Every structure is written in C-alpha cells, then in structure tokens.
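Note sheet for the following structure.
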Amino acid sequence: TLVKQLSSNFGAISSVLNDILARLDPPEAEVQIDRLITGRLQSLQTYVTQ
Amino acid sequence: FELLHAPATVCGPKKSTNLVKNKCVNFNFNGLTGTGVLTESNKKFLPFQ
C-alpha cells in the first residue's frame, strides 16, 4: 500500500512529478508539487506509525 | 491538446540523438521523462504494445 500510494493525484493535475515539471512554468509548478508533497508526507508518516 | 501516454504523433521540432546501452542515462522517448540503464531485453511483446 505504501508503494501504491505514489500513483495518486492528491488533487494536482497529474500524479508523476517529472511530468508536472516539464509541463508547467516555475511560477505554477510549486502548487502542484506542494499538493504531492503533502500527500506523500502524510502517507509516509502513516506507514511509520503503523 | 489531448494529453496522454498512448502513441503520440505531433512531436516537437528538435532533432534526435543516438542511443547508448549499459550506462545510466536520462532517456527522452516519445515522452517518458525518466532515468535508468537501457539493456536489450527478452520480453516478447505483441504487435501493438
């Protein structure tokens, strides 16, 4: 389940980060990257606690 | 633009390079923005994939 959590949008335009990067300008990338960062950080904290 | 990963046709106007195997490179196929080592494999495909 930890690994499978990586392939989720969490609300951004797309899941894979390296496709967000080449697809939005730097003034717009951080918002999507932030959505991914918060989601993945939450998933990792959950796994560590369990 | 209908953005997907299925076989694309409308590609940008940039020339291509050659390929180097067995060495860690950052390939750019028709999309596919990744990084790894390119080794000739044996997985027998089907005429469309």
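Naming works like this for the structure tokens: A, B, ... for the chains as they're shown, residue 1 at the start of each chain, ligands 1 onward in shown order.
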For segment 30-40 of chain B, list every protein, DNA or RNA residue within 12 Å, evaluated using only C-alpha atoms, and leave out those in the same chain fewer than 4 positions away; present the list as a PyMOL selection string. (chain A and resi 16-23) or (chain B and resi 3-12+16+19-26+44)
Next item on the list: Enumerate, as a ChimeraX atom specification, the complete set of residues in chain B that a backbone-based DSSP assignment places in strand (DSSP E or B).
Entry: /B:24-25,28,33,36-37
- Quick one: of A:29, A:37, A:44, A:24, who's nearest to residue 4 of chain A, counting only C-alpha atoms?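 Closest residue, counting only C-alpha atoms: A:44.
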Problem - Top pick for closest residue to residue 33 of chain A, considering A:1, A:45, A:9, A:50 and counting only C-alpha atoms - result: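 Of A:1, A:45, A:9, A:50, the one nearest residue 33 of chain A, counting only C-alpha atoms, is A:9.
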**Prompt:** Could you pull out all residues of chain A with a DSSP call of helix (DSSP H, G or I) and give them as a PyMOL selection string?
**Reply:** chain A and resi 4-7+17-21+26-49
**Message:** I need the residue nearest residue 31 of chain A from this list: A:12, A:49, A:2, A:7. Use only C-alpha atoms for the distance.
**Reply:**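 Distance minimum relative to residue 31 of chain A lands on A:12.
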Distance atom CA of residue 29 of chain B-atom CA of residue 45 of chain B, one decimal place?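 Separation between atom CA of residue 29 of chain B and atom CA of residue 45 of chain B: 17.9 Å.
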